[PDB]
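In the entry's author numbering, the protein residues as written are 1 to 40. Cβ atoms here follow ideal geometry from the backbone N, Cα and C, with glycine treated the same way. To start, the structure itself, in structure tokens.
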């Protein structure tokens, strides 16, 4: 669960997550952060 992991990651650290987990869809990560905001 990416979002669950992103709970421990800042919305400005989407690049860090991408580099660590090898994510090419950085926009999906940004959207995931927005989804977390909705769940918040």
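Less than 8 Å divides the Cβ of residue 18 from the Cβ of residue 29. For residue 2, the three-state secondary structure derived from DSSP is helix. Counting every other CB atom within 10 Å of its CB across the protein chains shown gives residue 21 a total below 16, marking it as exposed.
Shown here, residue 40 sits in coil according to DSSP, grouped into three states, outside any helix or strand. Each residue's CA atom was taken as its position, placing residue 15 and residue 34 some 15 Å apart.
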